[PDB]
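For reference, run12.csv is printed below; it contains CSV, C-alpha atoms and all ligand atoms.
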```
chain,number,residue,atom,x,y,z
V,2,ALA,CA,-173.6,67.4,-11.3
V,3,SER,CA,-170.9,66.9,-8.6
V,4,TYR,CA,-168.2,64.3,-9.2
V,5,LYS,CA,-165.7,62.6,-7.1
V,6,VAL,CA,-162.2,63.6,-8.1
V,7,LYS,CA,-159.2,61.6,-6.9
V,8,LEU,CA,-155.9,63.2,-7.6
V,9,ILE,CA,-152.9,61.0,-7.5
V,10,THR,CA,-150.0,63.2,-6.4
V,11,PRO,CA,-146.4,62.3,-5.8
V,12,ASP,CA,-147.0,61.6,-2.1
V,13,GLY,CA,-150.4,59.9,-2.6
V,14,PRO,CA,-154.1,60.2,-3.2
V,15,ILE,CA,-156.4,63.1,-2.4
V,16,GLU,CA,-160.1,63.3,-3.2
V,17,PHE,CA,-162.8,65.9,-3.1
V,18,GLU,CA,-166.2,66.5,-4.8
V,19,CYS,CA,-166.2,68.9,-7.7
V,20,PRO,CA,-169.2,70.5,-9.4
V,21,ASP,CA,-169.6,69.7,-13.1
V,22,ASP,CA,-169.2,73.5,-13.9
V,23,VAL,CA,-166.0,74.2,-11.9
V,24,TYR,CA,-162.6,73.6,-13.1
V,25,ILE,CA,-160.7,70.9,-11.3
V,26,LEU,CA,-157.8,73.1,-10.3
V,27,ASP,CA,-160.1,75.8,-8.9
V,28,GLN,CA,-161.9,73.3,-6.8
V,29,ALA,CA,-158.7,71.6,-5.6
V,30,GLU,CA,-157.6,75.0,-4.2
V,31,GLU,CA,-161.0,75.7,-2.6
V,32,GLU,CA,-160.2,72.5,-0.8
V,33,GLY,CA,-156.8,73.6,0.5
V,34,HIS,CA,-154.6,71.6,-1.9
V,35,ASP,CA,-151.6,73.1,-3.6
V,36,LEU,CA,-151.1,72.0,-7.2
V,37,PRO,CA,-148.8,73.3,-9.9
V,38,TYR,CA,-150.0,75.9,-12.3
V,39,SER,CA,-148.7,79.0,-14.2
V,40,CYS,CA,-150.9,80.6,-16.9
V,41,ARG,CA,-154.3,79.2,-15.6
V,42,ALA,CA,-155.4,79.5,-19.1
V,43,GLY,CA,-155.0,76.3,-20.9
V,44,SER,CA,-151.8,77.5,-22.7
V,45,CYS,CA,-148.7,76.0,-21.0
V,46,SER,CA,-147.9,72.7,-19.5
V,47,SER,CA,-147.5,73.6,-15.8
V,48,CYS,CA,-150.8,72.3,-14.5
V,49,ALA,CA,-150.6,69.0,-16.5
V,50,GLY,CA,-151.9,65.7,-15.2
V,51,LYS,CA,-153.1,62.4,-16.8
V,52,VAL,CA,-156.6,60.9,-16.5
V,53,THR,CA,-156.4,57.3,-15.4
V,54,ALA,CA,-160.2,56.8,-15.0
V,55,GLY,CA,-163.3,58.7,-16.0
V,56,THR,CA,-163.4,61.6,-18.5
V,57,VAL,CA,-163.0,65.4,-18.4
V,58,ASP,CA,-164.0,68.2,-20.6
V,59,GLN,CA,-160.9,70.4,-21.3
V,60,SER,CA,-161.9,72.0,-24.7
V,61,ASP,CA,-161.3,75.5,-23.1
V,62,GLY,CA,-157.5,74.6,-23.4
V,63,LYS,CA,-155.4,74.7,-26.5
V,64,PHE,CA,-152.0,73.6,-25.5
V,65,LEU,CA,-152.3,69.8,-26.1
V,66,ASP,CA,-152.2,68.2,-29.5
V,67,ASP,CA,-154.4,65.2,-30.3
V,68,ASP,CA,-151.7,62.5,-29.6
V,69,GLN,CA,-151.2,64.0,-26.1
V,70,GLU,CA,-155.0,64.4,-25.4
V,71,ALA,CA,-155.3,60.8,-26.7
V,72,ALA,CA,-152.7,59.5,-24.2
V,73,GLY,CA,-154.9,60.9,-21.4
V,74,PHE,CA,-153.0,64.1,-20.7
V,75,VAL,CA,-155.1,67.0,-19.2
V,76,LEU,CA,-154.7,70.7,-18.3
V,77,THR,CA,-156.2,70.8,-14.8
V,78,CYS,CA,-156.7,74.6,-14.8
V,79,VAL,CA,-159.3,74.4,-17.6
V,80,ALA,CA,-160.8,70.9,-17.1
V,81,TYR,CA,-164.4,70.1,-15.9
V,82,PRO,CA,-165.1,66.7,-14.6
V,83,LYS,CA,-167.7,64.7,-16.6
V,84,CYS,CA,-167.9,61.6,-14.3
V,85,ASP,CA,-166.0,60.5,-11.2
V,86,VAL,CA,-162.4,60.9,-12.3
V,87,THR,CA,-158.9,59.9,-11.3
V,88,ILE,CA,-156.0,62.1,-12.3
V,89,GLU,CA,-152.3,61.7,-11.7
V,90,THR,CA,-150.9,65.2,-11.1
V,91,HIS,CA,-147.5,66.8,-11.7
V,92,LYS,CA,-147.1,65.4,-15.2
V,93,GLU,CA,-145.3,68.4,-16.8
V,94,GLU,CA,-142.0,66.4,-17.1
V,95,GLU,CA,-143.6,63.3,-18.8
V,96,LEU,CA,-145.8,65.3,-21.2
V,97,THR,CA,-142.8,67.5,-22.2
V,98,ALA,CA,-140.7,64.3,-22.5
V,99,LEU,CA,-143.0,63.0,-25.3
V,101,LIG,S1,-151.6,76.5,-15.9
V,101,LIG,FE1,-151.1,76.8,-18.0
V,101,LIG,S2,-152.4,75.2,-19.0
V,101,LIG,FE2,-153.0,75.1,-16.9
```

Show the structure stored in the file as structure tokens.
Ligand code: FES
Amino acid sequence: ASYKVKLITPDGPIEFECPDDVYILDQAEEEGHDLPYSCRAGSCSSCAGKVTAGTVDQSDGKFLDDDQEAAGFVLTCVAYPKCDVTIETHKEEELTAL
């Protein structure tokens, strides 16, 4: 019901606990962290990250195709944690370089 989220940013790790019914980006902001975003609606690539451990539910978002979702990309503005999760943030360049 609350999961440990570790975010691997360009200048290192940050973790917090995040309820299973709160989006990861929302919770990160309640915790004082500043992450990239634009639409907050699952329809651009601005908030993109990559899951390196655990799983998320991001079915509220529509931007990613199945090859991107398969490579672990995630839209942090519309993603709920489903277990303890590790997510490397600021992945817009890499996603949009696929
Ligand atoms: S800010 Fe656009 S998909 Fe997250």

*Using all atoms listed in the file, which of V:62, V:50, V:82, V:33 sits nearest residue 96 (chain V)?*
V:50

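Of the listed residues V:22, V:9, V:3, V:45, the one whose atoms come nearest to residue 63 (chain V) is V:45, with distances taken using only C-alpha atoms.
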
Using only C-alpha atoms and all ligand atoms, find each protein or nucleic acid residue lying at most 9 Å from ligand LIG 101 (chain V); present the set as a PDB file with C-alpha atoms, in the coordinates of the input.
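Wrote it out as pocket38.pdb, contents follow:
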```pdb
ATOM      1  CA  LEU V  26    -157.800  73.100 -10.300  1.00  0.00           C
ATOM      2  CA  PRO V  37    -148.800  73.300  -9.900  1.00  0.00           C
ATOM      3  CA  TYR V  38    -150.000  75.900 -12.300  1.00  0.00           C
ATOM      4  CA  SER V  39    -148.700  79.000 -14.200  1.00  0.00           C
ATOM      5  CA  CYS V  40    -150.900  80.600 -16.900  1.00  0.00           C
ATOM      6  CA  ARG V  41    -154.300  79.200 -15.600  1.00  0.00           C
ATOM      7  CA  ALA V  42    -155.400  79.500 -19.100  1.00  0.00           C
ATOM      8  CA  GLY V  43    -155.000  76.300 -20.900  1.00  0.00           C
ATOM      9  CA  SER V  44    -151.800  77.500 -22.700  1.00  0.00           C
ATOM     10  CA  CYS V  45    -148.700  76.000 -21.000  1.00  0.00           C
ATOM     11  CA  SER V  46    -147.900  72.700 -19.500  1.00  0.00           C
ATOM     12  CA  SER V  47    -147.500  73.600 -15.800  1.00  0.00           C
ATOM     13  CA  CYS V  48    -150.800  72.300 -14.500  1.00  0.00           C
ATOM     14  CA  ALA V  49    -150.600  69.000 -16.500  1.00  0.00           C
ATOM     15  CA  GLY V  62    -157.500  74.600 -23.400  1.00  0.00           C
ATOM     16  CA  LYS V  63    -155.400  74.700 -26.500  1.00  0.00           C
ATOM     17  CA  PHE V  64    -152.000  73.600 -25.500  1.00  0.00           C
ATOM     18  CA  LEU V  65    -152.300  69.800 -26.100  1.00  0.00           C
ATOM     19  CA  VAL V  75    -155.100  67.000 -19.200  1.00  0.00           C
ATOM     20  CA  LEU V  76    -154.700  70.700 -18.300  1.00  0.00           C
ATOM     21  CA  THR V  77    -156.200  70.800 -14.800  1.00  0.00           C
ATOM     22  CA  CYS V  78    -156.700  74.600 -14.800  1.00  0.00           C
ATOM     23  CA  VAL V  79    -159.300  74.400 -17.600  1.00  0.00           C
ATOM     24  CA  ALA V  80    -160.800  70.900 -17.100  1.00  0.00           C
TER      25      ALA V  80
END
```

*Nearest residue to residue 18 (chain V) from the set V:35, V:93, V:98, V:81 (distances using all atoms listed in the file)*: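 Under the stated criterion, the closest residue is V:81.
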
*Please, what distance in Å, to one decimal, runs between CA of residue 24 (chain V) and CA of residue 58 (chain V)?*
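Computing it gives 9.3 Å between the two atoms.
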
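One distance worth recording is that between CA of residue 16 (chain V) and CA of residue 60 (chain V), which is 23.3 Å.
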
Can you rebuild region 56-69 of chain V with N, CA and C atoms and give it as a PDB file, in the coordinates of the input?
```pdb
ATOM      1  N   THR V  56    -163.612  60.688 -17.318  1.00  0.00           N
ATOM      2  CA  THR V  56    -163.400  61.600 -18.500  1.00  0.00           C
ATOM      3  C   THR V  56    -163.553  63.036 -17.948  1.00  0.00           C
ATOM      4  N   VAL V  57    -162.897  63.943 -18.674  1.00  0.00           N
ATOM      5  CA  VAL V  57    -163.000  65.400 -18.400  1.00  0.00           C
ATOM      6  C   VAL V  57    -163.389  66.061 -19.695  1.00  0.00           C
ATOM      7  N   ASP V  58    -163.925  67.263 -19.535  1.00  0.00           N
ATOM      8  CA  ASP V  58    -164.000  68.200 -20.600  1.00  0.00           C
ATOM      9  C   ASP V  58    -162.994  69.325 -20.472  1.00  0.00           C
ATOM     10  N   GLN V  59    -161.973  69.319 -21.345  1.00  0.00           N
ATOM     11  CA  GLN V  59    -160.900  70.400 -21.300  1.00  0.00           C
ATOM     12  C   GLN V  59    -160.772  71.195 -22.639  1.00  0.00           C
ATOM     13  N   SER V  60    -161.864  71.277 -23.402  1.00  0.00           N
ATOM     14  CA  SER V  60    -161.900  72.000 -24.700  1.00  0.00           C
ATOM     15  C   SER V  60    -161.686  73.537 -24.546  1.00  0.00           C
ATOM     16  N   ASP V  61    -161.785  74.107 -23.346  1.00  0.00           N
ATOM     17  CA  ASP V  61    -161.300  75.500 -23.100  1.00  0.00           C
ATOM     18  C   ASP V  61    -159.781  75.643 -23.235  1.00  0.00           C
ATOM     19  N   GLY V  62    -159.012  74.565 -23.167  1.00  0.00           N
ATOM     20  CA  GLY V  62    -157.500  74.600 -23.400  1.00  0.00           C
ATOM     21  C   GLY V  62    -157.079  74.313 -24.764  1.00  0.00           C
ATOM     22  N   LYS V  63    -155.957  74.920 -25.189  1.00  0.00           N
ATOM     23  CA  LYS V  63    -155.400  74.700 -26.500  1.00  0.00           C
ATOM     24  C   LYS V  63    -154.045  74.167 -26.661  1.00  0.00           C
ATOM     25  N   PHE V  64    -153.412  73.921 -25.516  1.00  0.00           N
ATOM     26  CA  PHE V  64    -152.000  73.600 -25.500  1.00  0.00           C
ATOM     27  C   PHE V  64    -151.658  72.184 -26.057  1.00  0.00           C
ATOM     28  N   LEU V  65    -152.474  71.205 -25.703  1.00  0.00           N
ATOM     29  CA  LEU V  65    -152.300  69.800 -26.100  1.00  0.00           C
ATOM     30  C   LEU V  65    -152.634  69.567 -27.520  1.00  0.00           C
ATOM     31  N   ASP V  66    -151.832  68.733 -28.183  1.00  0.00           N
ATOM     32  CA  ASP V  66    -152.200  68.200 -29.500  1.00  0.00           C
ATOM     33  C   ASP V  66    -153.077  66.945 -29.290  1.00  0.00           C
ATOM     34  N   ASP V  67    -153.429  66.262 -30.369  1.00  0.00           N
ATOM     35  CA  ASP V  67    -154.400  65.200 -30.300  1.00  0.00           C
ATOM     36  C   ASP V  67    -153.747  63.865 -29.871  1.00  0.00           C
ATOM     37  N   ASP V  68    -152.467  63.675 -30.190  1.00  0.00           N
ATOM     38  CA  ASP V  68    -151.700  62.500 -29.600  1.00  0.00           C
ATOM     39  C   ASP V  68    -151.563  62.672 -28.095  1.00  0.00           C
ATOM     40  N   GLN V  69    -151.341  63.873 -27.554  1.00  0.00           N
ATOM     41  CA  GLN V  69    -151.200  64.000 -26.100  1.00  0.00           C
ATOM     42  C   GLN V  69    -152.590  63.878 -25.381  1.00  0.00           C
TER      43      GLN V  69
END
```
